[PDB]
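Undergrad:
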Amino acid sequence: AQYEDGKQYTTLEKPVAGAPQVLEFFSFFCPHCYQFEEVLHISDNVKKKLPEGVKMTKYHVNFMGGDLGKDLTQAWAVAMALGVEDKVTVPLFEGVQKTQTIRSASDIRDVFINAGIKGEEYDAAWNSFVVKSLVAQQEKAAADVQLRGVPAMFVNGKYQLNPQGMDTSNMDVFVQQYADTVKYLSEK
Numbered sequence: 001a002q003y004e005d006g007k008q009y010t011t012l013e014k015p016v017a018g019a020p021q022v023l024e025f026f027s028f029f030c031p032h033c034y035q036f037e038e039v040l041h042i043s044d045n046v047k048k049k050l051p052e053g054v055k056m057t058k059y060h061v062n063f064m065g066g067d068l069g070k071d072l073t074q075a076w077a078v079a080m081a082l083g084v085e086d087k088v089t090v091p092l093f094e095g096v097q098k099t100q101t102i103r104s105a106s107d108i109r110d111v112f113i114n115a116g117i118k119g120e121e122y123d124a125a126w127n128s129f130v131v132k133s134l135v136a137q138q139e140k141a142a143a144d145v146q147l148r149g150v151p152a153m154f155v156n157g158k159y160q161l162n163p164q165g166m167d168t169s170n171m172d173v174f175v176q177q178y179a180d181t182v183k184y185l186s187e188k
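Under the entry's author numbering, think of the first position of the sequence shown as 1, with each following residue one higher.
1. Is the beta carbon of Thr10 closer than 7 Å to that of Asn162?
2. If you drop the 5 nearest sequence neighbours on each side, which residues of the same chain put their C-beta closer than 8 Å to that of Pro51?
3. Can you tell me whether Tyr3 is buried or exposed, with buried defined as 16 or more other CB within 10 angstroms of its CB?
4. Are the beta-carbon atoms belonging to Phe93 and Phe28 less than 7 Å from one another?
5. On the DSSP bridge assignment, give the partners of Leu23 in chain order.
6. Which same chain residues end up closer than 6 Å to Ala179 when comparing Cβ atoms and leaving out the 5 residues on each side of it in sequence?
7. With C-beta atoms as the reference, is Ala152 less than 7 Å away from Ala81?
8. Pull up the distance between the alpha-carbon of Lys14 and that of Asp144, whole angstroms please.
9. Considering only residues of the same chain and omitting the five flanking positions on each side of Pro91, which have a CB-CB separation below 8 Å?
10. By a C-beta neighbour count over all protein chains shown, 10 Å radius and 16 as the cutoff for buried, is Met64 buried or exposed?
11. Among the residues of its own chain, which have a CB less than 7 Å from the CB of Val96, if the five just before and after it don't count?
12. Kindly identify the DSSP beta-bridge partner or partners of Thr181.
13. Tell me whether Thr101 sits in a helix, a strand or coil according to DSSP, three-state version.
14. In chain order, what are the residue ranges of uninterrupted alpha helix (DSSP H) at least 4 long that sit wholly in the stretch 119-174?
15. Tell whether a beta-carbon distance below 7 Å holds between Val78 and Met56.
16. How many angstroms separate the CA atom of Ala75 from the CA atom of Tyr34?
Below is the structure:
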């Protein structure tokens, strides 16, 4: 075929019922994730090719960066609750990997303050039980697929993207092949 299990994707032996349609996992400590966000805009280009009516979900993971990794998962929960993903994603990546000015939860918070979220509003979210269940959701979804690496994308809880099996000579061609694969898997 032109899309083969084991080449542009793999199949989960243990499929995940009720999973989000398109589920992406990342870490702000993850170097390919930085690329995926900053240089390739994967999430965006996938969105652009997806069928009408399909929702896109993105979760942070704990297994990179120890204590700060978890803080970052709680902060992403805050970002999802407040709807400010698009305002903090870039400065969090650069703060962790580029400038290395994020070293504590307070530094994470600073990114949000500079992005215009109010202290009171951030601290209230940070401490809310809505944010705790959102943290719970992120961990559960990662647990359900035995996730040990990022970036990772799963389609309909049965298929896992395999970017290793696509060509990387051309960044733009890599992205389209990636997105077209998500679309193909989506229609499967």
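By construction, the Cβ of each residue, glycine as well, lies at the ideal position given by its N, Cα and C atoms.
TA: On the basis of the data shown:
1. Residue 162 sits at position 162 when you count from the first residue of the sequence shown. Residue 10 sits at position 10 when you count from the first residue of the sequence shown. Contact: yes.
2. Locating residue 51 in the sequence shown gives position 51, where the first residue counts as 1. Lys183, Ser186, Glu187.
3. Here residue 3 refers to the residue found at position 3 of the sequence shown. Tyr3 is exposed by the Cβ-count criterion.
4. Position 93 of the sequence shown holds residue 93. Position 28 of the sequence shown holds residue 28. Yes, the Cβ-Cβ distance between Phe93 and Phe28 is below 7 Å.
5. Taking the sequence shown and counting its residues from 1, the one referred to as residue 23 is at position 23. The partner list for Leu23 (beta bridge, DSSP) reads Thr57, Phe154.
6. Start at 1 with the first residue of the sequence shown, and residue 179 comes out as number 179. Counting only Cβ-Cβ distances below 6 Å, and skipping sequence neighbours, we find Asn45, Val46, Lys49.
7. Working through the sequence shown from its first residue, we reach residue 152 at position 152. Working through the sequence shown from its first residue, we reach residue 81 at position 81. Cβ distance not < 7 Å, so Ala152 and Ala81 don't count as in contact.
8. Residue 14 sits at position 14 when you count from the first residue of the sequence shown. Residue 144 sits at position 144 when you count from the first residue of the sequence shown. Spanning the two alpha carbons is a distance of roughly 9 Å.
9. As a first step, residue 91 must be located in the sequence shown, where it is residue number 91. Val111, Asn114, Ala115.
10. By one-based count along the sequence shown, residue 64 stands at place 64. Buried, since its Cβ has 16 or more Cβ neighbours within 10 Å.
11. Locating residue 96 in the sequence shown gives position 96, counting from the first residue. Cβ neighbours of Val96 beyond the five flanking positions: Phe28, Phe29, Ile102.
12. As a position in the sequence shown, residue 181 is number 181, starting the count at 1. Paired residues: none, contrary to the question.
13. The residue given as residue 101 occupies position 101 in the sequence shown. Looking at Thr101 - three-state DSSP - the assignment turns out to be coil, as it is neither helix nor strand.
14. 119-126, 129-144
15. Locating residue 78 in the sequence shown gives position 78, where the first residue counts as 1. Locating residue 56 in the sequence shown gives position 56, where the first residue counts as 1. No, they are not a contact pair.
16. Taking the first residue of the sequence shown as position 1, residue 75 is located at position 75. Taking the first residue of the sequence shown as position 1, residue 34 is located at position 34. So the two alpha carbons sit approximately 17 Å from each other.
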